[PDB]
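Worksheet: the structure to be examined is printed underneath.
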2 protein chains.
Amino acid sequence: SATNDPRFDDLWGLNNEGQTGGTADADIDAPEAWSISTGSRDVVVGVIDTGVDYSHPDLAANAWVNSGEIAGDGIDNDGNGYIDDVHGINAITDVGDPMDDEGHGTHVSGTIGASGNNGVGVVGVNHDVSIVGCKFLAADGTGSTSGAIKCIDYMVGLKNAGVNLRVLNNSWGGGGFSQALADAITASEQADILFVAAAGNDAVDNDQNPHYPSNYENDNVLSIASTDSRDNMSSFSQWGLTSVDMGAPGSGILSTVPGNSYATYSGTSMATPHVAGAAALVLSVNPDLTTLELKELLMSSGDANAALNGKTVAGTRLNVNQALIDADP
Amino acid sequence: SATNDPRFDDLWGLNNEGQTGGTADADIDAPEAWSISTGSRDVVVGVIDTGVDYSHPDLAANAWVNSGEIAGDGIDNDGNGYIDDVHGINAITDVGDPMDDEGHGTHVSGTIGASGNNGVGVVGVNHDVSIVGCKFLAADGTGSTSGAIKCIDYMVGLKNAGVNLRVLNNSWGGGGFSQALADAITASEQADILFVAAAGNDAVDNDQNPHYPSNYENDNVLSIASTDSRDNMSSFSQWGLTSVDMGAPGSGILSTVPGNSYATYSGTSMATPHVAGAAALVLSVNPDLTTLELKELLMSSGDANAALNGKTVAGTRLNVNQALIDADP
Ligand SMILES: [Ca+2]
Ligand SMILES: [Ca+2]
Ligand SMILES: [Ca+2]
Ligand SMILES: [Ca+2]
Ligand SMILES: [Ca+2]
Ligand SMILES: [Ca+2]
Ligand SMILES: [Ca+2]
Ligand SMILES: [Ca+2]
């Protein structure tokens with residue numbers, strides 16, 4: 001296999017030979033991309049979700065560590081408003097611990113950056129990367145727009161302070177338009193952060209039926225539909241000629257979950273981290289791209305897709321090999 | 001604990017004493033109801049979903065068995081159009097095996113009827129009940145309206161053949177209106193079947209933003225919003241003053257998943273089987289209620305709920321004890 005990770009062959013989204021019953025080459029060409037780069041711990045990706053299980057054996061090596069925090073001293077050493085935020089934060093309780101007690105955030109994290117070639121579990125689009133978590137969704141799914149905003153502000157704070165964080169994964173949605181959320185996203189744009197967002201799983205047209213945050217018109221929002229192992233648009237996926245940008249694998253995605261385990265989930269929530277992961281991989285090759293250049297590169301470098309054509313801006317399905325190639329520098 | 005099932009105390013939806021961090025008595029009063037009835041295997045509930053793991057140690061005793069089929073003989077002995085449909089069918093492939101290879105259908109099945117007092121795992125609203133599966137969603141989430149209709153038709157076929165199938169659990173949604181699906185549901189009403197449906201997890205109003213199948217106006221459709229351990233409406237729940245009927249526990253629900261395991265999920269998909277389970281438990285006490293009487297009883301016997309008031313027709317949260325009392329013949 002492309003790596004020595006024992007579950008590699010189940011990862012059709014990264015490499016598809018038809019082994020899960022789909023169509024050969026309906027994938028993002030990850031092994032090809034890995035000949036150029038397998039990623040850098042110096043690239044930081046924020047996951048805004050139910051948290052990140054940074055203790056999972058297949059994520060631990062890629063957990064972000066706050067260089068400005070002394071662990072466990074009960075002091076907010078870097079003065080960012082959260083005490084002892086070594087790996088990220090909990091936006092509900094303000095505790096400096098993004099530990100995932102639900103599962104969803106760990107799953108998306110593994111797709112972005114499960115440790116590669118370590119002989120255990122799976123592997124992310126990046127073999128090496130730094131993942132910082134902000135938990136705004138509780139173990140029972142409880143959360144708020146205010147919480148999501150606290151997360152975005154926190155991540156923007158890290159970036160403004162010099163943390164190399166230019167990609168946010170947002171595998172969540174709900175509610176209507178919020179000016180406060182739009183404004184938080186606008187601030188992230190000024191900080192050069194790409195805001196990747198899931199299109200939703202209700203199989204409707206988002207141009208007629210807006211879904212947030214993917215429908216925010218902010219230029220740095222990159223809205224992702226889900227595709228399957230046959231390169232169809234996933235039957236559950238929402239779409240939108242103007243409001244959704246491109247697609248990526250989200251049907252039957254195996255990844256890390258808490259308690260040192262692995263599980264298969266389906267949703268636009270799973271497509272999103274392939275794209276966030278690809279963005280991080282691109283930034284390991286060309287850090288000089290503006291956010292908009294990065295976004296457009298991910299869109300334009302994808303494979304033309306019959307199902308996504310006319311149902312998304314780019315009509316393409318993610319191809320991280322071509323993204324790296326097109327990224328030069 | 002109310003039963004000897006080792007995970008019972010995690011099931012706040014059945015019995016809440018604040019042990020999961022919520023509010024004492026924000027629950028459906030299951031232990032109270034069980035003093036009246038713990039269910040009957042003669043009540044049959046259909047689950048239309050990713051399938052049912054009928055081999056799960058905490059579901060096997062309550063898996064429906066088609067009395068009209070000789071297992072494994074390659075013959076459709078009961079002449080219902082499906083070969084060897086012992087526990088139900090796969091509507092994608094037409095094979096008579098609804099085995100869950102995804103997990104979702106098994107999770108909702110456990111909430112309806114995980115075996116009670118068997119010293120294993122969890123317990124459903126019913127300790128004893130018969131659960132038949134129709135799998136229209138694949139391992140990777142692939143499905144279609146055609147598949148859902150095939151499942152409804154299959155269940156209606158069982159009922160019309162003399163099976164005591166009175167309740168359908170539909171913890172799924174997506175797509176636009178389908179007249180053919182509406183017609184399939186009408187056939188189910190004609191057959192005296194209650195069609196329980198999840199309201200959706202996008203925190204929007206279904207009255208202005210229709211969600212299917214929740215928004216079908218069929219009288220036998222019972223549309224369910226999610227509540228949490230504090231008796232709030234779950235932050236993710238969709239609502240609808242006229243298009244959603246009542247609420248039930250859906251935040252942080254522990255139940256059965258395939259591979260002899262247990263997992264905690266959140267969503268209206270988890271609230272739905274509390275109601276489907278309660279419907280079946282009511283029918284063990286008063287089998288003579290009509291579908292519409294049953295629907296109205298579940299809504300009217302619920303506890304008044306401040307959050308759901310003004311956001312659903314009944315403004316109540318499920319109470320199965322009160323349902324059993326109100327149903328007394
Ligand atoms: Ca390939
Ligand atoms: Ca290729
Ligand atoms: Ca700090
Ligand atoms: Ca500190
Ligand atoms: Ca109680
Ligand atoms: Ca009570
Ligand atoms: Ca048959
Ligand atoms: Ca047979």
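Basis for what follows: all heavy atoms, side chains included, without hydrogens, waters or symmetry-related copies. Each chain gets a letter, A, B and so on, in the order its sequence line appears, and its residues count up from 1. Just so you know, ligand 1 is whichever comes first in the structure, and atom 1 is the first atom listed for that ligand.
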Handout entry: Proximal heteroatom of B:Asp73 relative to the Ca ion (ligand 8) (N/O/S)
Key =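 When I compare the N, O and S atoms of B:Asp73, OD1 is nearest to the Ca ion (ligand 8).
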Problem - Residue B:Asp84 atom name (nearest to the Ca ion (ligand 8); N/O/S) - result: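 The nearest such atom is OD1.
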Looking only at side-chain N and O atoms, does [Y] offer a donor or acceptor that is under 3.5 Å from a partner on [X]?
X	Y	value
A:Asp49	A:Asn169	no
A:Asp42	A:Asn164	no
B:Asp58	B:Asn118	yes

Practice task
Return the orientation label for the B:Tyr265 and B:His107 ring planes: parallel under 30°, perpendicular over 60°, tilted otherwise.
Solution key: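 Taking B:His107 first and then B:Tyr265, their aromatic rings lie parallel (interplane angle under 30°).
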Practice task
Indicate if the distance from the Ca ion (ligand 5) to the nearest N, O or S atom of B:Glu32 falls below 3.0 Å.
Solution key: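 No, outside the cut-off.
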Practice task
Could you tell me whether the Ca ion (ligand 5) has an N, O or S atom of B:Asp29 under 3.0 Å away?
Solution key: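 An N, O or S atom of B:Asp29 is closer than 3.0 Å to the Ca ion (ligand 5), so yes.
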Handout entry: the Ca ion (ligand 3) to nearest N/O/S of A:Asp85 below 3.0 Å
Key =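 A backbone or side-chain N, O or S atom of A:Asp85 is under 3.0 Å from the Ca ion (ligand 3).
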Practice task
Please determine if the Ca ion (ligand 3) has an N/O/S atom from A:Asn80 lying under 3.0 Å away.
Solution key: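 Yes.
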Problem - Single hit among A:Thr50, A:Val108, A:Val47 for side chain to side chain contact (heavy atoms under 4.5 Å, CB included) with A:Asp100 - result: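 Of A:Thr50, A:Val108, A:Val47, side chain to side chain contact (heavy atoms under 4.5 Å, CB included) with A:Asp100 is met by A:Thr50 alone.
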Problem - Contact check, side chains of B:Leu222 and B:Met299, non-hydrogen atoms, under 4.5 Å - result: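 In short, these two side chains touch, coming nearer than 4.5 Å.
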Handout entry: Side chain proximity check, B:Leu298 to B:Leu318, heavy atoms < 4.5 angstrom
Key =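 With C-beta onward as the side chain, the pair touches.
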Problem - the Ca ion (ligand 8): angle it makes with O (B:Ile75) and OD1 (B:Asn77), nearest 10 degrees - result: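 Here the angle at the metal atom is close to 80°, to 10°.
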Practice task
Could you grab the angle centred on the Ca ion (ligand 3), going from OE2 in A:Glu69 to O in A:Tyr82, to 10°?
Solution key: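 OE2 of A:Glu69, the Ca ion (ligand 3) and O of A:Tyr82 span an angle of about 90°.
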Problem - With the Ca ion (ligand 3) as the apex, the OD1/OD1 angle for A:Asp78 and A:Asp76 - to 10° - result: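 With the Ca ion (ligand 3) as the vertex, the angle is close to 80°.
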Practice task
Return yes if some donor-acceptor pair links the side-chain N/O of A:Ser130 with the main-chain N/O of A:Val44 below 3.5 Å, else return no.
Solution key: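 Not confirmed, A:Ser130 side chain does not pair with A:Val44 backbone.
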Handout entry: Angle subtended at the Ca ion (ligand 5) by B:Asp27 OD1 and B:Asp25 OD1, rounded to 10 degrees
Key =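 Between OD1 of B:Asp27 and OD1 of B:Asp25, the angle at the Ca ion (ligand 5) is about 90°.
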Handout entry: Metal check, the Ca ion (ligand 8) vs B:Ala71 N/O/S, cut-off below 3.0 Å
Key =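 Checking the Ca ion (ligand 8) against B:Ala71, no N, O or S atom falls under 3.0 Å.
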Problem - Any N, O or S atom of B:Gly74 closer than 3.0 Å to the Ca ion (ligand 8) - result: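 So B:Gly74 does not bind the Ca ion (ligand 8) by this criterion.
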